[PDB]
Structures are given as C-alpha cells and as structure tokens.
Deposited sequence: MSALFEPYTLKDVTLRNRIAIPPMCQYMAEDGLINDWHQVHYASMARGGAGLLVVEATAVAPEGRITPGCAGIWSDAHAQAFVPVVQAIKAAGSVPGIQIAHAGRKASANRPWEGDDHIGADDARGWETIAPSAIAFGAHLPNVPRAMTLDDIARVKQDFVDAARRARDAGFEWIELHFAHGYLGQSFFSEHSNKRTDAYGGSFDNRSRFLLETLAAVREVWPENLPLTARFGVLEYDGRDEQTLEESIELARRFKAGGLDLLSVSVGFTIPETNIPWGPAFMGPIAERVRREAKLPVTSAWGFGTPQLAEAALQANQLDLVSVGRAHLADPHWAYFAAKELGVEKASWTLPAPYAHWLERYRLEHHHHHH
C-alpha cells in the first residue's frame, strides 16, 4: 500500500504518507496553547499519521484569525509548544507547524460564535497590501501596509521560524494560502499597490519570496521548509492564475522550498469552487509535474481508497487528512485496516495494537 510507504525529505523520515494538515482549534488564549491542544495533538500522533502539522500559528497578535488562535509571537508562546513537540515525537510522528498572518481576514469571531468580523473590546485593526475589504462577512477595511510594516512582518515570520526551531519542530509551513497576508500580496484581486510590492508578477511575488528567503536563513537546511499556497481562485482566471502560481512555485524551489501544500486562494468571495472528494488531486499533480516540487493536498481524502489512488497516480507525495482525524484521532489505523495492510493494528502503539489484531 503506497499510503504506508515511508517518506524522506532532507533529514526527516515519515513512517507513512499520511499527513495531518493544520486545523485551528480556536482554544488558545492570547495565543497561548493549553491542555486542549496537548491532548488533541498527542492523540492524533498516536493514531499513526507520519506527519502532524500544528494549526496556523500567528506571527503577531494582529495576525491571528480569531481571539482563540494559537500564537508564537513571544518566547513564552514558543515554550508552550515544547511539550506538544515531545508528545508528537514520542508517538513516532513528525511535529510540524504552520506559521501564519491572517492579514485582512483577521480580527474575526470563532466559527461557532459568528464566524465573521468582530464589530467589541476584542477587535483590532487589520493590515493588508491595500485598503480593500474582503467583503461578505469580513467587511472591515484593512490598513494598507507601509514599507516598515512589511519589514516588521517579515521579521515576525523569521522570529516565529526561529522559535519554532528552538521548540523542536522538524517541519515548518509558511501560510501563503486562503486569502491571508501572503496570498493577498500575490493576488491582483487584493494587491493594488504601486510600489515594489504590487503591480507586476515580480512585485506581487516579492513579499512571499522575501519572507521565504528570510526564513530560509534561520530554518535548518536539514529540516523541510514548506509552504501552503493557493494556486487558483476559481474566479474565471484559472489558467492564467495557475500559470503564474506555478512560476512562483519554481521560484520557491530555487529559494529552497522543499515541498508545497497545494490549495485554493480564497482571496475574494466571488468564486465557484467545484468541491468534491479529492477534487484538488489534478491541480496538485500539475503543480508537482510542472514545478518539479513534491506536493501534498487536501479535501476529501478521508476515504482510504481515495488517498491510495492519489499516491499511486503520483498526484501527491503526501495525503493530508483533516476532518477525518477530528472525527477519529486514530484514522491512520482505520485506513491501514481498510486497505488490507499487513499487521494493520501495529499502526498504533502496543497498548492498542496487541488487542486489535
């Protein structure tokens, strides 16, 4: 079963091709994680997945999506992640983390408490390339960033990467997708700047390439440096947007990116996304083949046969399974059993495996 093939990238070996993608828990307070996250991540790690990417972690307080989002903007925040790393490693899984800045989609309520912008002593001004609201349920207009804002946020990403390294993460992912800060710099929908960071393809790519280059300097060369990146919007410009996105991926690769998590942009709400099980499969394959970068992707791979089929077709190097690990922390064990893998129960630690054969 290709799903249960190990995977080596730089000095890191994953015991199988199942990755748990980042999924915010909306349970931290002032960015500090707690007992919720500890049990949550240690449990999925024991489930058998080879890689576990911790949820989107803000590099700065205004970079949080919500007041419940994890943060790593101070050394105290970094230290709280230390026992999460040790517990993921102790389970045999690889700890990774996604560091993020929500840009103009920040200052929002938790999804089960409105899922929209905060009107309210809990709100904060947001920043983005240009002062243009997302629209829909995020109508707050962001402040357009100055050159000093750009230098500061890049340094936040560097500090977040450095803290992540020192906490023991072995895998880092820059959040350049889903309409957040990095994504909003790349898209013409959101970036109307006329300085060095807007207009041309080179200028729109600049924020992302510079942030990657700064992180490359503190992130160890022997540990995978990856990014999640929205390569099309389904906005009626997909062939053009896909071509630019793949070219940027080529510049990511020249800049030391080791793997790309292929996603959708979500930069604006006026879209027609063709949701379906594994619908990203063919987009990720094209990115993998044209930019010659390993990839992962997500959405609907919780059906084990779909995950297997995506790997055997070389559309993916890793399969990311999110909501299914929320439903079942031990989904990897379910998948090994579902795919007839030999000694499927030994995907779990011995206190479970011995009794489930």
Ranges missing from the model, given as deposited sequence positions: 1, 121-122, 361-371
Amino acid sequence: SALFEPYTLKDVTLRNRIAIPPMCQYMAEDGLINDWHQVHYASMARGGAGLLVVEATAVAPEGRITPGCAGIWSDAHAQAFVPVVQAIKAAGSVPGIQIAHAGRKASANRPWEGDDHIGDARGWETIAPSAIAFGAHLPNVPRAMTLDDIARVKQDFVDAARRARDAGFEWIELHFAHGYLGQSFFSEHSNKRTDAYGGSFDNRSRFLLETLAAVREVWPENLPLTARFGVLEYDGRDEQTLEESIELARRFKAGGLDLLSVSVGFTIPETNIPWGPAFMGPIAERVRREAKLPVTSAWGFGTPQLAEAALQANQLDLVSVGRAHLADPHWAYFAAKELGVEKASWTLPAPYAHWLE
From here on, numbers count along this sequence of modelled residues.
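Here, rigid core means the biggest group of C-alpha atoms that superpose within 1.5 Å across both forms.
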Between 297-305 and 44-52, the one whose CA atoms sit farther away in 6 other deposited structures of this protein (rigid core aligned): 297-305
Higher-scoring stretch by recorded Cα B factor average, 36-44 or 60-68: 60-68
Average Cα temperature factor in the PDB entry - higher stretch of 214-222, 108-116: 108-116
Criterion, highest CA B-factor; candidates, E170, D156, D202, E173: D202
Candidate residues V264, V287, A278, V94, the one whose C-alpha B factor the record puts highest: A278
Third of the chain's Cα B-factor distribution that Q98 belongs to, per the entry: lowest
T303, C-alpha B-factor rank within chain (lowest, middle or highest third): highest
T13 by Cα B-factor - lowest, middle or highest third of the modelled chain: middle
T126 - Cα temperature factor, lowest/middle/highest third of chain: lowest
B-factor third for the C-alpha atom of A313 within its chain: highest
